[PDB]
Amino acid sequence: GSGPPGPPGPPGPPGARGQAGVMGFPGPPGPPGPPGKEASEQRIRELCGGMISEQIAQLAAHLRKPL
Amino acid sequence: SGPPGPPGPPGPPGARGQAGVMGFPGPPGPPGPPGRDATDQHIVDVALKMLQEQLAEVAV
Amino acid sequence: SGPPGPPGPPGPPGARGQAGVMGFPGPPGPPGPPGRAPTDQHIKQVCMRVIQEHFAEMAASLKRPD
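Summary of the structure given here. Throughout, residue numbers begin from 1 within each chain and advance along the sequence as written. They need not agree with those in the entry, and any residue without coordinates is left out. Labels follow written order: the first chain is A, the first ligand is 1, and so on. Side-chain metrics rest on all non-hydrogen atoms present in the structure, leaving aside hydrogens and water. Residues with missing side-chain atoms are left out of burial classes, side-chain pairs and their counts.

1. Considerations on unusual backbone geometry
A negative phi holds for most residues other than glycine; trans holds for most peptide bonds. With a phi angle near 55°, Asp66 of chain C is a residue other than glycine that sits in the positive phi range. To qualify as a helix, a DSSP run of H or I must reach at least 4 residues; to qualify as a strand, a run of E must reach at least 2; elements of each kind are numbered from the N terminus. In this structure, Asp66 of chain C sits in the segment after α2 (55–60).

What follows is the structure in structure tokens.
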């Protein structure tokens, strides 16, 4: 009379691809900046030469004044 | 003499999907700390040196 | 005595893939800004402070009792 059920169907389609990965970790902090350069002795002498000389001269005159 | 059979049982499930794509590369790290500022000591040392030099030059 | 049935329908889709791997770590940050160097004006200010702070030594070098 009535027929056997057919053979099993074809395998299903492969599943959907997984979700994208999470973003990577941030990098480490950069190295410290270089130290500030110190002024040379010649530069300091040039800038302060007259100042020191004037201060000494004024003081010298003041301390050897007569009343 | 009879009617044909039913459609067969549904097929087996498909394989697992391939793994997800790799994530975005991480951002660059923060900038490093600022370098040390030049202290006043190197200026003090020279200023003291000049003071002694010029005071001695008044002594002579 | 009846003919066999047609083959069944396509099966289920598979389970979704596992999540992707985390991305590469980022590169190191840039180096910090340099330390500041003294200006000409700052140098003069320091020098004037030193003169004031050692004004006593200066006076002593030029004038003492007797």
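From this point, things continue past the structure.
2. Notes on the side chain of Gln55 of chain A
Tracing the backbone through its elements, the reader meets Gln55 of chain A in helix α1 (residues 41–63). Those residues in contact with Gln55 of chain A that sit more than four places away from it in its chain are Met48, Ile51, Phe55 and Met58 of chain C. We call two residues contacting when some pair of their heavy atoms lies within 4.5 Å.

3. Observations concerning the interface of chain A and chain B
Taken together, the 48 residues of chain A in the interface contact 47 residues of chain B. When residues are grouped by polarity, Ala, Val, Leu, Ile, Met, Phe, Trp, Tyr, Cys and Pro land in nonpolar, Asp, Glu, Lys and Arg in charged, and all others, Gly among them, in polar. In the side of chain A that touches chain B, the residues fall into 25 nonpolar, 17 polar and six charged.

4. What about the state of the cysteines?
Count a disulfide wherever a pair of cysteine sulfur atoms falls within 2.5 Å. A complete count under the given rule lists one disulfide over all chains for this structure. Note on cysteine connectivity: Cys48 of chain A is disulfide-linked to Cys47 of chain C, with sulfurs 2.0 Å apart. Disulfide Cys48 of chain A to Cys47 of chain C: torsion about the S-S bond roughly 85°, handedness right-handed. One end of the pair, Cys48 of chain A, is in helix α1; the other, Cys47 of chain C, is in helix α1 (residues 40–53), on a second chain. Accessibility classification places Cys48 of chain A together with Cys47 of chain C in one group, the buried group. Burial status follows relative accessibility: with a 1.4 Å probe on protein chains alone, a residue under 20% of its type maximum counts as buried, one over 50% as exposed, and anything between as partly exposed.

5. Points about the pattern of salt bridges
The working definition used for a salt bridge is a side-chain nitrogen of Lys or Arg within 4 Å of a carboxyl oxygen of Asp or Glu. Tallied over the full model, the rule gives six salt bridges over all chains. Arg36 of chain C serves as the salt-bridge partner of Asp37 of chain B, at 3.1 Å between the closest nitrogen and oxygen. Here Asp37 of chain B is found in the segment before α1 (41–59), whereas its partner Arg36 of chain C is found in the segment before α1 on a different chain. Residue classification places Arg36 of chain C among the exposed residues on the basis of a relative accessible area of 62%. Salt-bridge contacts for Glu53 of chain C lead to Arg49 of chain C; the nearest nitrogen and oxygen are separated by 3.7 Å. Pair noted here: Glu53 of chain C and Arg49 of chain C are both in helix α1, with a separation of four residues, about one helical turn. Look at the salt bridges and you will find they share partners, linking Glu41 and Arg45 of chain A together with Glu53 of chain B into a network.

6. Looking at the environment of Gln18 of chain C
Secondary-structure assignment places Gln18 of chain C in the segment before α1. Taking the C-alpha atoms as reference, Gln18 of chain C lies 72 Å from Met48 of chain C; in sequence the two are 30 residues apart. Setting aside chain neighbours within four positions, we find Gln18 of chain C in contact with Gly18 of chain A together with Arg16, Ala19 and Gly20 of chain B.

7. Observations regarding the interface of chain A and chain C
With 49 residues of chain A in contact, the opposing surface of chain C contributes 50 residues. Accessible-area loss on putting two parts together, using a 1.4 Å probe and summing over both, is the definition of buried area adopted here. For the chain A and chain C pair, buried surface summed over both sides reaches about 3,500 Å², with 64% attributable to carbon and sulfur atoms. For the chain A face of the interface with chain C, the top three residues by lost area are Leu47, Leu59 and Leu63 of chain A, together amounting to 14%. Applying the counting rule to chain A against chain C returns one salt bridge. Note that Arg43 of chain A and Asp40 of chain C form a salt bridge whose closest N and O atoms lie 2.6 Å from each other. By the criterion applied in these results, polar contacts are pairs of N or O atoms within 3.5 Å in which, for protein atoms, one can donate a hydrogen and the other can accept it, and in which residues neighboring in sequence qualify only through two side-chain atoms. Inspection of the chain A/chain C interface yields 17 residue pairs in polar contact.

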